[PDB]
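A closer look at the structure
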Amino acid sequence: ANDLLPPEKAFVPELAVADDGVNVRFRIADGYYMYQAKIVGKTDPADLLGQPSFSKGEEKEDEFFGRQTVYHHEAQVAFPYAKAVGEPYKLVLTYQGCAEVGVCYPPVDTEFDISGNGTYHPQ
């Protein structure tokens, strides 16, 4: 393809932090998709987040990871808090996706410095 996005532009996260935990939204460029099963969150301090629930994805089979549940256009991931969170923390999101034309990008790691409820964007 003559005009492809770098992966951090193809798959763009934002956070909504609330009392119940962290809701992640992704905006995904047309002709790209994200692997649902490869979206991971890690925190510092560790283990503030519990098991995420995912918005509905769709079936895809490709030459990189075979059959996978994937996202086009958008995705939402809801991380509940695993325990009481009354302190600032760092959150690193890792996610991986492809261009439909046949490019499998390396995983992207995006860090957020969280200090209370509100909206956060990559910095």
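Structure determination for the deposited model, as stated in its record, used X-ray crystallography, and the stated resolution is 1.6030 Å.

On to the overall build of the chain. Secondary structure summary: the chain contains one helix and 13 strands in total. Listed by position from the N terminus, the elements making up the chain come as α-β-β-β-β-β-β-β-β-β-β-β-β-β. Computed over C-alpha atoms, the radius of gyration of the chain comes to 15 Å, within 12% of the 14 Å expected from 2.2 N^0.38 for 123 residues, which places it in the range of a compact globule. Viewed in the frame of its principal axes, the chain has a C-alpha envelope of about 45 × 25 × 20 Å. Put simply, the chain has 123 residues, and 39% of those count as buried. Here the analysis covers contacts within the chain between residues at least 6 apart in sequence; of these, 65% occur between residues at least 24 apart. For the chain, the accessible area works out to roughly 6900 Å², and carbon and sulfur atoms hold 47% of it. When the 10 basic and 19 acidic side-chain charges of the chain are each reduced to a single mean position, those positions are 2 Å apart.

On the secondary structure map, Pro 52 appears in the loop between β4 (40-44) and β5 (53-54). For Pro 52, a relative accessible area of 23% corresponds to the partly exposed category. In the structure, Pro 52 is positioned 59 residues away from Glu 111 in sequence and 17 Å away in space, judged by C-alpha atoms. Beyond its immediate sequence surroundings of up to four residues, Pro 52 is in contact with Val 77, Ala 78, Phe 79 and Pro 80.

A word on unusual backbone geometry. In this chain, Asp 44 is followed by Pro 45 through a cis amide linkage whose omega measures 5 degrees. Note on placement: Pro 45 falls in the loop between β4 and β5. Positive phi values are uncommon outside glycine, yet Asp 47 reaches one of about 65 degrees. Structurally, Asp 47 can be placed in the loop between β4 and β5. The backbone of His 73 sits at a positive phi, close to 70 degrees, despite the residue not being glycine. Take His 73: it is sitting in the loop between β7 (66-71) and β8 (74-80).

This part takes up the side chain of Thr 110. Residue position: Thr 110 is located in strand β12 (residues 108-114). For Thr 110, a relative accessible area of 11% gives the class buried. Here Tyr 95 takes part through its side chain, which lies 2.6 Å from a polar atom of the side chain of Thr 110. Those residues in contact with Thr 110, other than ones at most four positions away along the chain, are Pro 13, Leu 91, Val 92, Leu 93, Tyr 95 and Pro 122.

What counts and what doesn't
- Residues numbered from 1 in each chain as written, not as in the entry; some residues may be left out.
- Heavy atoms only, no water.
- Helix = DSSP H or I, 4+ residues; strand = E, 2+ residues; numbered from the N terminus.
- Rg over C-alpha atoms; globule rule 2.2 N^0.38 Å.
- Buried < 20%, exposed > 50% of the residue type's maximum accessible area, 1.4 Å probe, protein only.
- Contact = heavy atoms within 4.5 Å.
- Areas by Shrake-Rupley, 256 points an atom, 1.4 Å probe, with all protein chains shown as cover.
- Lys, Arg positive; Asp, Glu negative; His and termini not counted.
- Charge placed at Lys NZ, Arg CZ, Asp CG, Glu CD.
- Polar contact = N/O pair within 3.5 Å; in protein donor to acceptor, adjacent residues only side chain to side chain.

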